[PDB]
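Below is one structure, written out as structure tokens, with a few remarks after it.
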Amino acid sequence: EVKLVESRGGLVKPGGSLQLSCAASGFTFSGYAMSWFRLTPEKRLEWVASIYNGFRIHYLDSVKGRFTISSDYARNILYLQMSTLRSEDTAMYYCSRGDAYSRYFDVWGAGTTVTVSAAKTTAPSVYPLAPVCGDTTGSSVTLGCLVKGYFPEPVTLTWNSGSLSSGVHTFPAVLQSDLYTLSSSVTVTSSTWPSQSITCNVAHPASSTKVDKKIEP
Amino acid sequence: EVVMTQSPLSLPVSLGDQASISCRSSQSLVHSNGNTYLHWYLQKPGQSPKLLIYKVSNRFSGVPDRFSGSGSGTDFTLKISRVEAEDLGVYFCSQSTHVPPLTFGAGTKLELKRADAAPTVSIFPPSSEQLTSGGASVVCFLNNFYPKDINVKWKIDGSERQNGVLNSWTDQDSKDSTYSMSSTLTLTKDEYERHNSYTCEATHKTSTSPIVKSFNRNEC
Ligand SMILES: N[C@]1(C(=O)c2ccccc2)[C@@H]2CC[C@@H](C2)[C@H]1c1ccccc1
Ligand SMILES: [O-]
């Protein structure tokens, strides 16, 4: 078929450099405005740069002088050389081919994650969240798990090793002190807990750590 | 730079309903060559953007006829004749008339409607383990509510507390169409042991007054 095969992204420190790339599959760049776009952490879609027929090259102001877009029209591979990387450059990057005649983008590469941070691999601290006194009552009770201070993303969290899948809400991670923090809640009938056990299981592949925390009154 | 403004930011609909999304530019998108380079894209979670309509009203190959575009100059509209589950996601308009730079609207999230639901609020004190490390995070969950709009307020010993609060929101639940929120107030162990009354209050359209949950530290 017709597609764009993207390269792996990566983690880099501020001021560092990194190169992304996409190989055409089923077509040639000849005639297209090959470009790069990015979805920011705030969820805004931004155009980054484009290169048309070798010389029509354009850049977003914020990246002029730091990012260089280039193309190997012989091998049909698009490149984005990122240098002087800043924290604000953290985002999901996508390469896409722009029709030079209608100016739309039909073929897109899968998103490539780029993270700019000074943080070093750090395993999370997993804290159990037990209900306050007088709230363990009611027809149902809610327990929680706080996963704090880890890097980089992601972590995988389950309750009772997956047996407890319903009534769970695991929230998106947020940054604080350059490290990620996430939380998860699980709601069960007051009958179950505490008599029965409820455990929070957190895996963080980056640090090869697997932590289990039982929620006790 | 041309600014693209989309309205609404969130569009709740019921499956089978008609949907209409607006996009307006700060300047006419009519190029000097006579063309209007205004386009519509749809992006779903964990997926790349997909082209739906180009040059205002040209439906791209493979795109269902349920989608249609219109408008001119500074105002444009994307319409969906009959919304299907597969259509849920974020719709972006983009202009490529005045470039560089190409610019996009902030997007319109197409979501599902359901009956109103008050949030179930639960508060949690710092754990023994975290306190041993010198930290003290108080957590409050505001779960399964609808509509998505909600506000949380923290109070320490009765006074509003804005510093040290971090929030997180889930996407609309794929099973019950509700939303949930997590709010965490982080203090140092020192500060936590300096006060006693901790409170989280939720303001939602399902109640005139906020839903309050609280606890006293010295009680645990
Ligand atoms: N000026 C172009 C360009 O490469 C371009 C790309 C990004 C920003 C500014 C200009 C070339 C001539 C017609 C096409 C190709 C146009 C273009 C504009 C916008 C999107 C795609 C293609
Ligand atoms: O160009």
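Indexing begins at 1, ligand by ligand and atom by atom, following the structure's order. Computed over heavy atoms, backbone and side chain alike; hydrogens, waters and symmetry mates excluded. Lettering of chains follows the sequences in order, A, B, ..., and the numbering in each one begins at 1.
Near A:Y52, meaning under 4.0 Å from any of its heavy atoms, are these atoms of ligand 1: 4 (O), 11 (C), 15 (C). Applying the 4.0 Å criterion to heavy atoms of B:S96 picks out, from ligand 1, the atoms 19 (C).
Qualifying salt bridge (charged side-chain N to carboxylate O under 4.0 Å, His left out) partners for A:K148, counting only residues two or more places apart in sequence or in other chains: none. Remark: A:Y73 engages no residue in a ring pair (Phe, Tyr, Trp, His ring centres under 6.0 Å) (not counting sequence neighbours).
Counting only non-hydrogen atoms, the option in A:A100, A:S96, A:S50 that gets closest to atom 13 (C) of ligand 1 is A:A100. With distances taken over non-hydrogen atoms, the option nearest atom 18 (C) of ligand 1 out of A:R103, B:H31, B:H98, A:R97 is A:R103.
Here the protein heavy atom with the shortest distance to atom 8 (C) of ligand 1 is B:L102 CD1, 3.5 Å.
For atom 4 (O) of ligand 1, a protein heavy-atom neighbour is found at a distance under 4.0 Å.
At a threshold of 4.0 Å, the pair A:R44-A:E42 counts as salt-bridged, since one of the basic side-chain nitrogens sits closer than that to a carboxylate oxygen. Remark: A:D61 engages A:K64 in a salt bridge, criterion side-chain N to carboxylate O under 4.0 Å.
Checking B:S183 against B:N167 by side-chain atom types alone, a donor-acceptor pair falls below 3.5 Å.
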